[PDB]
Structure formats: structure tokens, C-alpha cells
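Report on one structure; see the data block that follows.
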Amino acid sequence: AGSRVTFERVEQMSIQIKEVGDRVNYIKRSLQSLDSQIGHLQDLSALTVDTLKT
Amino acid sequence: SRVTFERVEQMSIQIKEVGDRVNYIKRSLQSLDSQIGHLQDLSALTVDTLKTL
Amino acid sequence: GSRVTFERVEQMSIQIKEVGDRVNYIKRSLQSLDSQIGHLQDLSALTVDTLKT
Amino acid sequence: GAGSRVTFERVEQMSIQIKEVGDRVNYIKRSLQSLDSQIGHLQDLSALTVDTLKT
């Protein structure tokens, strides 16, 4: 009863904890994509600076 | 100069793509925060019943 | 058994809270990043406009 | 001449600010790995609690 509802709750926490994990992994992937775009922008910046010195 | 204009205009586009992505990420975290709050509540309610047992 | 379960759930609720806190820190960092990218976009926009003329 | 001068300054500032944006995102990446580590410990505690009530 109390133990039944406790088992339902622990199962439901387990579901929501896996969903929190999955959401963080998605966010990590998005940040990785972002990091790559930033790489490209830094190269382009260094190139523009270099040419202003030439 | 013309080449400088071109590279600067390209950077400005790329800065915009990075800005937009940062905000999409910011919004995911906002939404995750809300879901954590409800998980926090479910854990508190589970513990309260366990104390009576 | 209720007592050991109570103990594992309590420890979960403390860790859930720590996760929640770290999420909100990361969120604040995105907001400041967002604002610094806004400054940079403004700069790139000014630079680009002068270089047209 | 003059137009170019200011432009050189502006471009020099953009590349400082682009570096900062980089550094910030590197920090966020590291903060997200910590967070993900914490979530793994909670998934583990949650799985053990579950394993222990199945039967």
C-alpha cells in the first residue's frame, strides 16, 4: 500500500532520471556542434587579421 | 579591403549562427530546470510517505 | 524494507538538488555568453557597415 | 587611410571577443561534463534502489 505506492514512485523517478540524462546528452551534443562553428569563426578571424597585416 | 569587407561580413553571419544556437541551448536548460523541479517534488513526496512506514 | 529505501531515496533527493543547482549555474553562464555575443554582433555590424562605404 | 585605421582597431577587437566566446563555451562544456558525471551517480543509485524493490 504505502509500499505499493513507494514502488510506483521509485519506478517513476527512474523514468524521469533517465529523461534528465538524455536531455543533458542532447545539450552536450548541441554544445559540441556549437564548438565546431566557433572553431571555424576563430580561423576566419585569424585569417582576416593576418591579411590586414599584409 | 574588398577582401576585408567580405571576410568581416562572413564572420558576422557566423556570429549570428553561434548566437542563435547559444539561445536554443539556453532554452533547453530552462526546460530541463522545470523538469528537475518536478523530479525534486516527487522525491520529497516519496520520502514523506516512507517516513510514515 | 522501508528504512533502507528511505535512505536511498533521501540520498537521491540530495543529488537531484545538486543537479538542479548545477543546471541553473550553466543557464546563467549561457545568459552572460548570450549578452557578450550581442556586443560582438553589434561590433561586427558597425565594422561591416563602415567597410561598405 | 582613416577609414582603414578604425577598421583595423575594430577587427582586432572582434578577434579578442571571439576568443572570449571560445573560452566561455569551453568552460560550459567542462561544466556540462561535471553535471553529466553527477547524473550518472544518481542513475546508478536509482538503478540500485529499483533492483532492490523488484523482488
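Chain labels follow the order of the C-alpha cells: the first chain is A, the next B, and so on; residue numbering restarts at 1 in every chain, and ligands are counted from 1 in their shown order.
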
Considering only C-alpha atoms, give me a table of residues in chain C that are at most 7 Å from chain B, with the closest atom pair and distance in Å for each, as a Markdown table.
| residue | atom | partner | partner_atom | distance |
| --- | --- | --- | --- | --- |
| C:2 | CA | B:50 | CA | 6.3 |
| C:6 | CA | B:50 | CA | 5.6 |
| C:9 | CA | B:47 | CA | 6.3 |
| C:10 | CA | B:47 | CA | 6.4 |
| C:13 | CA | B:43 | CA | 5.6 |
| C:16 | CA | B:40 | CA | 6.2 |
| C:17 | CA | B:40 | CA | 6.7 |
| C:20 | CA | B:36 | CA | 6.1 |
| C:23 | CA | B:33 | CA | 6.6 |
| C:27 | CA | B:26 | CA | 6.0 |
| C:30 | CA | B:26 | CA | 5.9 |
| C:34 | CA | B:19 | CA | 6.5 |
| C:37 | CA | B:19 | CA | 6.2 |
| C:41 | CA | B:15 | CA | 6.5 |
| C:44 | CA | B:12 | CA | 5.6 |
| C:45 | CA | B:12 | CA | 6.9 |
| C:48 | CA | B:9 | CA | 6.0 |
| C:51 | CA | B:5 | CA | 5.7 |

Pull N, CA and C atoms from the residues just selected and write them as a short mmCIF file (atom, residue, chain, number, x, y, z; two decimals), in the first residue's frame.
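As a result, part-v7.cif now contains:
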data_model
loop_
_atom_site.label_atom_id
_atom_site.label_comp_id
_atom_site.auth_asym_id
_atom_site.auth_seq_id
_atom_site.Cartn_x
_atom_site.Cartn_y
_atom_site.Cartn_z
N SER C 2 11.56 -0.59 4.38
CA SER C 2 11.28 0.83 4.24
C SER C 2 12.46 1.70 4.60
N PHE C 6 14.10 4.35 2.37
CA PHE C 6 14.03 5.71 2.78
C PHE C 6 15.40 6.36 2.65
N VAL C 9 16.33 6.83 -1.07
CA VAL C 9 15.53 7.95 -1.69
C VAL C 9 15.95 9.36 -1.22
N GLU C 10 16.22 9.45 0.08
CA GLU C 10 16.77 10.71 0.65
C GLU C 10 18.08 11.12 -0.03
N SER C 13 17.22 12.43 -3.38
CA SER C 13 16.72 13.76 -3.39
C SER C 13 17.86 14.83 -3.17
N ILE C 16 19.54 14.88 -6.71
CA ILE C 16 18.65 15.62 -7.58
C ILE C 16 18.81 17.19 -7.38
N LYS C 17 18.76 17.65 -6.13
CA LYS C 17 19.00 19.06 -5.80
C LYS C 17 20.37 19.65 -6.33
N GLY C 20 20.14 20.06 -10.00
CA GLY C 20 19.27 21.21 -10.27
C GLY C 20 20.11 22.47 -10.16
N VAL C 23 22.57 22.82 -13.11
CA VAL C 23 21.83 23.28 -14.26
C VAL C 23 21.60 24.76 -14.29
N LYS C 27 22.92 27.61 -16.91
CA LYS C 27 21.98 28.56 -17.50
C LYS C 27 22.44 30.02 -17.39
N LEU C 30 25.24 30.68 -19.84
CA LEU C 30 24.67 30.92 -21.21
C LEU C 30 24.07 32.29 -21.37
N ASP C 34 25.33 34.86 -24.03
CA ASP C 34 24.41 35.47 -24.94
C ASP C 34 24.63 37.01 -24.98
N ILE C 37 27.89 37.88 -26.81
CA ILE C 37 27.72 37.72 -28.24
C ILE C 37 26.90 38.87 -28.80
N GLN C 41 28.10 40.99 -31.93
CA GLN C 41 27.31 41.23 -33.13
C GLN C 41 27.15 42.69 -33.50
N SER C 44 30.38 43.71 -34.99
CA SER C 44 30.67 43.22 -36.32
C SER C 44 29.79 44.04 -37.26
N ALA C 45 28.56 44.36 -36.83
CA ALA C 45 27.61 45.11 -37.66
C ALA C 45 28.10 46.53 -38.01
N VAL C 48 31.14 46.18 -40.45
CA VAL C 48 30.70 45.82 -41.74
C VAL C 48 30.09 47.04 -42.44
N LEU C 51 32.84 49.51 -43.69
CA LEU C 51 33.59 48.91 -44.76
C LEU C 51 32.82 48.89 -46.11
#

* To do: Return the neighbours of chain B among the residues of chain A, cut-off 8 Å, counting only C-alpha atoms, as a ChimeraX atom specification.
  => /A:2,6,9-10,13,16-17,20,23,27,30-31,34,37-38,41,44-45,48,51-52

Selection above as a file: N, CA and C atoms, as a PDB file, in the first residue's frame:
ATOM      1  N   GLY A   2       1.336   1.655   1.197  1.00  0.00           N
ATOM      2  CA  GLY A   2       2.470   2.557   1.298  1.00  0.00           C
ATOM      3  C   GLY A   2       3.634   1.984   0.500  1.00  0.00           C
ATOM      4  N   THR A   6       5.084   3.328  -2.999  1.00  0.00           N
ATOM      5  CA  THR A   6       6.534   3.609  -2.968  1.00  0.00           C
ATOM      6  C   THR A   6       7.223   2.965  -4.176  1.00  0.00           C
ATOM      7  N   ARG A   9       6.504   5.012  -7.307  1.00  0.00           N
ATOM      8  CA  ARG A   9       7.222   6.289  -7.273  1.00  0.00           C
ATOM      9  C   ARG A   9       8.694   6.143  -7.629  1.00  0.00           C
ATOM     10  N   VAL A  10       9.306   5.077  -7.119  1.00  0.00           N
ATOM     11  CA  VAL A  10      10.655   4.802  -7.396  1.00  0.00           C
ATOM     12  C   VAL A  10      10.815   4.451  -8.874  1.00  0.00           C
ATOM     13  N   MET A  13      10.512   7.825 -10.663  1.00  0.00           N
ATOM     14  CA  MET A  13      11.731   8.632 -10.546  1.00  0.00           C
ATOM     15  C   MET A  13      12.779   8.097 -11.534  1.00  0.00           C
ATOM     16  N   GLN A  16      12.081   9.474 -14.953  1.00  0.00           N
ATOM     17  CA  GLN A  16      12.429  10.906 -15.064  1.00  0.00           C
ATOM     18  C   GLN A  16      13.936  11.190 -14.965  1.00  0.00           C
ATOM     19  N   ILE A  17      14.645  10.377 -14.191  1.00  0.00           N
ATOM     20  CA  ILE A  17      16.103  10.457 -14.149  1.00  0.00           C
ATOM     21  C   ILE A  17      16.778  10.047 -15.488  1.00  0.00           C
ATOM     22  N   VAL A  20      16.149  13.031 -17.711  1.00  0.00           N
ATOM     23  CA  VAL A  20      17.077  14.136 -17.429  1.00  0.00           C
ATOM     24  C   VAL A  20      18.454  13.848 -18.082  1.00  0.00           C
ATOM     25  N   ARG A  23      18.339  14.411 -21.897  1.00  0.00           N
ATOM     26  CA  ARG A  23      18.290  15.825 -22.181  1.00  0.00           C
ATOM     27  C   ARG A  23      19.678  16.464 -22.026  1.00  0.00           C
ATOM     28  N   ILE A  27      21.987  18.276 -25.032  1.00  0.00           N
ATOM     29  CA  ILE A  27      22.581  19.586 -24.808  1.00  0.00           C
ATOM     30  C   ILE A  27      24.092  19.607 -25.014  1.00  0.00           C
ATOM     31  N   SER A  30      24.689  19.503 -28.717  1.00  0.00           N
ATOM     32  CA  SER A  30      24.405  20.819 -29.283  1.00  0.00           C
ATOM     33  C   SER A  30      25.608  21.713 -29.019  1.00  0.00           C
ATOM     34  N   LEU A  31      26.192  21.587 -27.831  1.00  0.00           N
ATOM     35  CA  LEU A  31      27.365  22.424 -27.467  1.00  0.00           C
ATOM     36  C   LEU A  31      28.602  22.058 -28.316  1.00  0.00           C
ATOM     37  N   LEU A  34      28.215  23.533 -31.524  1.00  0.00           N
ATOM     38  CA  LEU A  34      28.491  24.958 -31.377  1.00  0.00           C
ATOM     39  C   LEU A  34      30.014  25.226 -31.351  1.00  0.00           C
ATOM     40  N   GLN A  37      31.427  25.324 -34.856  1.00  0.00           N
ATOM     41  CA  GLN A  37      31.173  26.571 -35.560  1.00  0.00           C
ATOM     42  C   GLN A  37      32.115  27.645 -35.035  1.00  0.00           C
ATOM     43  N   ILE A  38      32.271  27.712 -33.713  1.00  0.00           N
ATOM     44  CA  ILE A  38      33.253  28.631 -33.124  1.00  0.00           C
ATOM     45  C   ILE A  38      34.661  28.419 -33.665  1.00  0.00           C
ATOM     46  N   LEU A  41      34.982  30.102 -36.898  1.00  0.00           N
ATOM     47  CA  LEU A  41      34.929  31.544 -36.771  1.00  0.00           C
ATOM     48  C   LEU A  41      36.278  32.063 -36.301  1.00  0.00           C
ATOM     49  N   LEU A  44      38.632  32.069 -39.264  1.00  0.00           N
ATOM     50  CA  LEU A  44      38.294  33.129 -40.192  1.00  0.00           C
ATOM     51  C   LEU A  44      38.762  34.473 -39.635  1.00  0.00           C
ATOM     52  N   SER A  45      38.492  34.703 -38.367  1.00  0.00           N
ATOM     53  CA  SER A  45      39.119  35.815 -37.683  1.00  0.00           C
ATOM     54  C   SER A  45      40.656  35.868 -37.800  1.00  0.00           C
ATOM     55  N   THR A  48      41.661  37.048 -41.330  1.00  0.00           N
ATOM     56  CA  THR A  48      41.282  38.449 -41.616  1.00  0.00           C
ATOM     57  C   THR A  48      42.341  39.333 -40.959  1.00  0.00           C
ATOM     58  N   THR A  51      45.747  39.100 -42.950  1.00  0.00           N
ATOM     59  CA  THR A  51      45.701  39.923 -44.174  1.00  0.00           C
ATOM     60  C   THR A  51      45.759  41.434 -43.924  1.00  0.00           C
ATOM     61  N   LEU A  52      45.104  41.936 -42.884  1.00  0.00           N
ATOM     62  CA  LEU A  52      45.290  43.329 -42.548  1.00  0.00           C
ATOM     63  C   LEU A  52      46.745  43.686 -42.219  1.00  0.00           C
TER      64      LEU A  52
END

Report as a tab-separated table: every residue of chain D with an atom at most 9 Å from chain B, its closest pair of atoms, and their distance in Å to one decimal, counting only C-alpha atoms, with rows sorted by chain and ascending residue number.
residue	atom	partner	partner_atom	distance
D:4	CA	B:1	CA	8.4
D:11	CA	B:8	CA	8.0
D:18	CA	B:15	CA	8.7

* Find the residues in chain D near chain C: any atom within 7 Å counts, using only C-alpha atoms. Write them as a ChimeraX atom specification. => /D:7,10,14,17,21,24,28,31,35,38-39,42,49

* Hey, list the chain D side of the contact with chain A: 8 Å cut-off, only C-alpha atoms, answer as a list in words. =>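 For chain D, the answer reads residues 8, 11, 12, 14, 15, 18, 19, 22, 25, 26, 29, 32, 36, 39, 40, 42, 43, 46, 47, 49, 50 and 53 of chain D.
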
Next, dump the selected residues to file, keeping only C-alpha atoms, as a short mmCIF file (atom, residue, chain, number, x, y, z; two decimals), in the first residue's frame.
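Output (again32.cif):
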data_model
loop_
_atom_site.label_atom_id
_atom_site.label_comp_id
_atom_site.auth_asym_id
_atom_site.auth_seq_id
_atom_site.Cartn_x
_atom_site.Cartn_y
_atom_site.Cartn_z
CA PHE D 8 41.91 47.66 -38.12
CA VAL D 11 38.75 43.82 -36.36
CA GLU D 12 41.42 43.45 -33.59
CA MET D 14 36.40 41.28 -32.80
CA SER D 15 39.13 38.70 -32.60
CA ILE D 18 35.76 35.79 -30.46
CA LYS D 19 38.47 34.27 -28.32
CA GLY D 22 35.50 30.32 -27.33
CA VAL D 25 31.98 27.78 -24.39
CA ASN D 26 34.98 25.63 -23.28
CA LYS D 29 31.50 22.16 -21.89
CA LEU D 32 28.27 20.02 -18.55
CA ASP D 36 26.66 14.59 -16.56
CA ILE D 39 23.66 12.42 -13.18
CA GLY D 40 25.45 9.12 -13.77
CA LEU D 42 22.14 9.29 -9.48
CA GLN D 43 21.15 6.88 -12.35
CA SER D 46 18.25 4.90 -8.82
CA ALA D 47 19.06 1.57 -10.59
CA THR D 49 17.07 1.16 -5.49
CA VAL D 50 14.93 -0.27 -8.32
CA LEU D 53 12.37 -3.48 -4.83
#

* Interatomic distance (Å, one decimal) between CA of residue 27 (chain D) and CA of residue 33 (chain A) ->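 Between these atoms lies a distance of 15.2 Å.
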